[PDB]
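In: Show me the folded form of this:
(5 chains)
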Amino acid sequence: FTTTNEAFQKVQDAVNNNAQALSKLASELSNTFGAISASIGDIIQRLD
Amino acid sequence: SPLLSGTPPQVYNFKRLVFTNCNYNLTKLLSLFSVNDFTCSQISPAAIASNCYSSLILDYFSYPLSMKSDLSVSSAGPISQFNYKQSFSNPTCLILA
Amino acid sequence: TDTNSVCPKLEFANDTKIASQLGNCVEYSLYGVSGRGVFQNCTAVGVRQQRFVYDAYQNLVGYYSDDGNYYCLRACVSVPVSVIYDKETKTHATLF
Amino acid sequence: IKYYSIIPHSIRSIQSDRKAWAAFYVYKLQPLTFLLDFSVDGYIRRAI
Amino acid sequence: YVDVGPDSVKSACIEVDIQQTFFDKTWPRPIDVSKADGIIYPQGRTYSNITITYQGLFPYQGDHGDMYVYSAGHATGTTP
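Out: Numbering: from 1, shown residues only, chains lettered A, B, ... in the order given. Below, you will see the structure:
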């Protein structure tokens, strides 16, 4: 088991793909879709 | 203190007070005067009392209650047209006291 | 866009302070930063002069209080809920 | 502010005793995207 | 209007001599991004143990810049 071994890299790649799917959801909540603030509560207090 | 001292200028000659980094208590200023009319655009009048902004601009002038309708962005009256204009893009709260 | 220098004057009697509220989900309004989070004590991290400490994702993770103790900040965590149901017996169970 | 100038300073030292003065370098600031590395102390040790 | 105190009593003022060639000495000091020369810290917030891309006013990498030197005035033993 080493970086050189192709099979070991494939096992790591499968773990990375699962991690990437989870990471996307967490990142999108931080992202703001055309709004003053990502937080729903922060927009409510500052807007009518 | 400048707002509470001396004679306020006319609407065309309105003085400008700009606050960038200070804690503000709008209610305390409102309590000293009596507010006959409170109107706000692009934000709630209640919301303006407790929210944070990069900068706050306050303009103080003597304006009579009788011509309040003339001083509006929607109004085409001369006082809004020539004497004073408030930028539409940034949220603006107008208070008559 | 990112900085709000002017903020409403607010007064803390004593109990409404970060100290003695550690480990409790609480609404925080420190120097114009408003959020709901759990406060903890962690070793001082980041520049002390800048009280707000942010992660790479721009989420507040640490704060420097007037008392001078650095405080770890985390969002309050929800309890996941799932239901086990059998149609034939009309019986239900809850896995938290 | 559209313009700036450097005001020359001369030290009226005795001819026998004089001190060399370090030169100061002025660099213009341009909007740029910089990769910044932050240490545990939080100071930016290196940038790209 | 703030007051800086009294203006100089003497209308006459000291003579100066302009010699750019004397100040024309080359000592190049290019900005190095590796040592983070001339980097303004984000005034909005502090970041710890993270690497991020930040947009801000920054000097060009490898910029020699403009060099200005200050020198002692001409003197004759007791009087400059």
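In: Every contact and neighbour count from this point should use C-alpha atoms.
Out: OK.
In: can you give me the strands for chain C?
Out: C:7-8, C:25-30, C:33-41, C:52-54, C:60-64, C:70-75, C:82-86, C:91-95 (DSSP state E).
In: export the ones you listed to TSV and tack on mean neighbour count?
Out: Compiled in TSV, the strands of chain C are given as follows (neighbours: other CA atoms under 10 Å in any protein chain shown):
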stretch	mean neighbour count
strand C:7-8	20
strand C:25-30	14
strand C:33-41	17
strand C:52-54	22
strand C:60-64	22
strand C:70-75	19
strand C:82-86	10
strand C:91-95	9
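In: Identify whichever of these lies nearest to chain E.
Out: Distances from chain E to each of the strands of chain C were compared using CA to the nearest CA; the minimum, 5.1 Å, belongs to strand C:52-54.
In: how about the nearest residue to residue C:22, chain neighbours excluded?
Out: Leaving aside its chain neighbours, residue C:22 sits nearest to residue C:39 (4.8 Å; criterion: CA to CA, 6 or more residues apart in numbering or on different chains).
In: Am I right that the one you found is in contact with residue C:74?
Out: Yes: Residue C:39 is within contact range of residue C:74, at 6.8 Å (criterion: CA atoms under 8 Å).
In: What residues are bridge-paired with residue B:18?
Out: Note on residue B:18: beta-bridge partners by DSSP bridges are residue B:57.
In: should've said residue B:96
Out: The partner residues for residue B:96, given DSSP bridges, come to residue B:37.
In: And for residue C:82?
Out: When bridges are called by DSSP bridges, residue C:82 pairs up with residue C:95.
In: Roughly how far does it sit from residue C:46?
Out: 40 Å (CA to CA, to the nearest Å).
In: Residue B:30 now?
Out: Using CA to CA, we find residue B:30 at a distance of 41 Å from residue C:46.
In: Which one's more surrounded, the two?
Out: Counting neighbours by other CA atoms under 10 Å in any protein chain shown for residue B:30 and for residue C:46 shows that residue C:46 has the greater number, 25 against 12.
In: excluding its backbone neighbours, what's nearest the more buried one?
Out: Nearest residue to residue C:46 in three dimensions, chain neighbours excluded: residue D:42, at 4.1 Å (CA to CA, 6+ apart).
In: so what's the one you found up against?
Out: By CA atoms under 8 Å, 6 or more residues apart in numbering or on different chains, the contact set of residue D:42 is C:45, C:46, C:47, E:46, E:47, E:48, E:49.
In: Next, count neighbours for the last one.
Out: Counted with other CA under 10 Å, the neighbours of residue E:49 add up to 16.
In: I'd assumed residue D:38 was in contact with residue E:50.
Out: Yes: the pair residue E:50 / residue D:38 is scored as a contact, 5.3 Å apart, by CA under 8 Å.
In: Please identify the helix or strand for the residue lying closest to residue E:30 once chain neighbours are set aside.
Out: Among residues not flanking residue E:30 along the chain, residue E:64 sits closest, at 4.0 Å (CA to CA, 6+ apart). Under the criterion DSSP states H and E, no helix or strand holds residue E:64.
In: List the neighbouring strands of the longest strand along chain E plus their orientation.
Out: Using DSSP E to define each element, chain E has its longest strand at strand E:51-58. According to DSSP bridges, strand E:51-58 forms sheet pairs with strand D:30-38 (antiparallel).
In: Mind listing what's buried along the partner strand?
Out: Across strand D:30-38, burial judged by 16 or more other CA atoms under 10 Å in any protein chain shown covers D:34, D:36, D:37, D:38.
In: and which of those residues is nearest residue A:12?
Out: Ranked by distance to residue A:12 (CA to CA), these are led by residue D:37 at 26.7 Å.
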